[PDB]
Structure formats: C-alpha cells, structure tokens
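Undergrad: To start, I am sharing the structure in question, which I have written as structure tokens.
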Ligand SMILES: Nc1nc2c(ncn2[C@@H]2O[C@H](COP(=O)(O)OP(=O)(O)O)[C@@H](O)[C@H]2O)c(=O)[nH]1
Ligand SMILES: [Mg+2]
C-alpha cells in the first residue's frame with residue numbers, strides 16, 4: 001500500500017531548502033531556520049491515486065565525513081536541486097550537484113527536479129530560459145517556486161515523486 005520515498009533537497013546555502021521543506025511539512029514560511037541544521041521529515045500524501053510516505057532530507061552541506069554525504073545520495077531516490085533566482089553562483093552550483101549525485105549513484109538516470117526558488121523577489125539574476133535549458137539538458141522538470149508565497153512548492157515535491165515513479169517503472 002503506502003510506499004515510502006526518500007527525497008533529498010540539495011543546493012547552495014541560503015537558497016531556501018529549509019523554507020521549502022517547512023512550507024510543505026508545516027504550512028508556514030519560516031524566516032529564520034539555522035542554516036547548519038540538517039534534518040529529515042515524514043509526510044503522508046496521495047499522488048495520482050496512491051498514498052505515499054515522503055521521507056524528506058533537508059540537507060545543509062558538508063558532513064562530518066564525506067562518506068555520510070555519499071550514503072544519503074545512494075539511498076536518496078529523488079533530488080530537489082534548488083537554486084535561488086537572485087544568486088548566479090547557486091545556479092552554477094547545480095552543475096556540481098548534478099555531477100556529484102550521478103557520480104555517487106554511478107547512474108545516468110537519477111530522478112531530479114530543478115527548482116528556481118525566491119521567485120517573489122524582483123532582484124532576479126538567473127533567467128527562466130537558462131534554468132529551463134539546463135533542466136532540459138538533464139531531461140528533468142524545472143519548476144519556479146517561492147517558499148514565501150508557496151508558489152510551486154507542492155508542485156515541486158509532487159513532481160519529484162512522479163519522476164521517482166517513472167524511474168522505478
Ligand atoms: N523572499 C523569499 N525569501 C526566501 C524564500 N525562500 C527562502 N527565503 C529566505 O531565504 C533565507 C534562506 O532560506 P533557508 O530556507 O534557510 O535556506 P537554506 O540555507 O537553503 O536552507 C531565509 O531568510 C528565508 O526566509 C523565498 O521563496 N522567497
Ligand atoms: Mg537550511
């Protein structure tokens with residue numbers, strides 16, 4: 001019946017990984033959540049007629065041992081690769097996340113969704129086209145989000161579950 005899926009939220013610091021996660025889990029926008037805390041959350045949802053239990057890891061970067069990063073990449077079934085639309089470096093970092101996750105999993109086919117967060121902000125430096133083009137080059141969806149207004153948040157997580165299913169199937 002209920003199937004559990006391991007989702008992993010990755011991206012540079014300050015892009016909104018924790019805020020995205022907390023909107024989905026707790027239905028509010030958090031302004032201040034310590035950037036060094038890495039935690040996981042469970043949430044039950046129904047997607048396309050099938051209940052699933054999302055086990056969501058809100059990552060925070062370096063681990064005590066890199067072996068621990070590798071482990072959560074190996075066990076992770078799908079990845080939300082998050083950048084902020086006002087931070088070009090966070091977008092450029094996506095190249096690294098894509099590479100590293102493929103490398104750890106030794107796979108060319110890893111369920112992922114590219115998330116461009118903070119779309120409510122006017123100070124945009126990363127174009128919709130450049131992100132759409134990058135996602136297309138990986139064969140994955142691109143979704144624009146705002147953890148602040150909740151735009152796209154649910155779609156990003158649900159789409160990732162759909163990508164995981166497509167991969168398993
Ligand atoms: N305006 C706006 N601020 C955001 C958004 N998402 C996150 N933030 C803020 O950006 C900062 C970093 O968010 P956080 O979730 O801690 O980023 P993390 O380091 O990736 O976990 C926080 O002050 C958040 O309130 C968003 O969509 N819009
Ligand atoms: Mg965080």
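Heads up, residue numbers simply count up from 1 along the chain you see.
Structure method, as recorded: X-ray crystallography, 1.1 Å.
Placement of Cβ uses the backbone N, Cα and C atoms for every residue, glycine included.
Quick paste of what Swiss-Prot says about this protein:
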type	residues	note
CARBOHYD	36	(Microbial infection) O-linked (Glc) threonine
MOD_RES	2	N-acetylmethionine
MOD_RES	3	N-acetylthreonine
MOD_RES	105	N6-acetyllysine
MOTIF	33-41	motif 'Effector region'
Undergrad: When the motif 'Effector region' (33-41) is classified with DSSP, how many of its residues are helical, how many are strand and how many are coil?
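TA: Going through the motif 'Effector region' (33-41) residue by residue, I get 0 helix, 3 strand, 6 coil.
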Undergrad: Would you kindly list the residues that approach the motif 'Effector region' (33-41) from elsewhere in its chain, counting only those six or more residues past its ends and only Cβ-Cβ distances under 8 Å?
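TA: Non-local partners: 13-14, 18-19, 21-22, 25, 54-61.
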Undergrad: Under 8 Å Cβ-Cβ from the residue listed as '(Microbial infection) O-linked (Glc) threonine', six or more apart in the same chain: what's there?
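TA: The residue listed as '(Microbial infection) O-linked (Glc) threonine' has long-range Cβ partners 60, 61.
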Undergrad: Whole-number Å only: compute the distance from the Cα of the residue listed as 'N6-acetyllysine' to the Cα of residue 2 (N-acetylmethionine).
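TA: Rounded to the nearest whole number, the Cα-Cα distance is 25 Å.
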Undergrad: CB neighbours of residue 3 (N-acetylthreonine) within 10 A?
TA: 12
Undergrad: Check the DSSP secondary structure of residue 3 (N-acetylthreonine), expressed as helix, strand or coil.
TA: strand
Undergrad: CB neighbours of the residue listed as 'N-acetylmethionine' within 10 A?
TA: 9
Undergrad: Going by DSSP, is the residue listed as 'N6-acetyllysine' sitting in a helix, a strand, or coil?
TA: helix
Undergrad: How many other Cβ atoms sit within 10 Å of the Cβ of residue 105 (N6-acetyllysine)?
TA: 17
